[PDB]
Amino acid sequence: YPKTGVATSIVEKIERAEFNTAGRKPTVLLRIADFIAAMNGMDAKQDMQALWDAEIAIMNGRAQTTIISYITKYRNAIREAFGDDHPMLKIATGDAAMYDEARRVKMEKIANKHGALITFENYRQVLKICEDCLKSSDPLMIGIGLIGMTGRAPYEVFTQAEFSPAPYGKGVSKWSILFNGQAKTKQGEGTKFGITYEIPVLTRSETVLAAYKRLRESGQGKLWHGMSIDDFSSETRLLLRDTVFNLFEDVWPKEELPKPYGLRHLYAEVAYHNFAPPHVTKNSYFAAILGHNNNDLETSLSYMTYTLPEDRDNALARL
């Protein structure tokens, strides 16, 4: 329980914003900075509650998801400045109704998605383009292609992936590689944090490994390698968004616009269509090749958004 501390990263993002050529003012980070500053020397729990009530009063008219994210930022700032043993962490949090409502909305959306699958008609063309991206010299393209072939998150692919050959007896497997650098684990006890596990690929392993070798040994590749989430989000996110938008404009399902993370979803689908053993469940296989938490089958529910045209045909044939 310290009374002193400073959220270093936030203030750094503030001072790196004063001499910007253009762009929004870091008003939220200012809010947080003044918050942490006002927290210095505070031992009056009531006044802490008043401060947080002020901060909450500020977020009004903003989306619930947005408010939740902001609260996450605040809590991480408090943890950075004062530590995990600070009473404010039990004050600076959203009311339970907000989280319960968010969960309800999430479950509702997932249910609706399972009730109305999107037929990925031109998925072979998408996998083909994504295969062609592996032979490009542009690190961005190679990254997109690696997302497509390995089903790793953009953050994983560009920043912290560790692809290595997977043994197949004495030789080397053709349709599987080893992966290390799982994200969003939060260093869970039963997660793939720092765990090298085997994943299937949608092309021959040699091509993937070679393309990734050309990725890491590039300039932009070593700029990306080891980045934080915010660095990458500010560096590549919009460019990646536009590039992905253009790459799969007229082959992507008409219902939705082509987003990068979709390449993961799709991946799983076809990864289940061409590699899945008969003694496992689709949920189990998804949770296996995606590197989900131990004994978790509920996260896999979020990836079942598409359906392959062949399966659609084999289900239409029911007459």
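Numbers for residues come from their place in the sequence shown, where the first is 1.
Legend: mean Cα B-factor per stretch from the PDB entry, 170-178 versus 104-112; the higher mean is in 170-178. 52-60 and 275-283 differ in mean CA B-factor, and the higher of the two is recorded for 52-60.
Remark: of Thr236, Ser218, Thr72, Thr191, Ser218 shows the highest value [criterion: C-alpha B-factor in the PDB entry].
Comparing the listed residues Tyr123, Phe245, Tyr99, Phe158, the entry records the largest Cα B-factor for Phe245. In the deposited entry, the Cα temperature factor of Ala211 places it in the highest third of its chain's modelled residues.
Among all modelled residues in its chain, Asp296 ranks in the middle third by Cα B-factor. Among the modelled residues of its chain, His225 has a C-alpha B-factor that falls in the middle third according to the deposited record.
Sort the chain's modelled residues by C-alpha temperature factor and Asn76 lands in the middle third, per the entry.
In the deposited entry, the Cα temperature factor of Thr185 places it in the lowest third of its chain's modelled residues.
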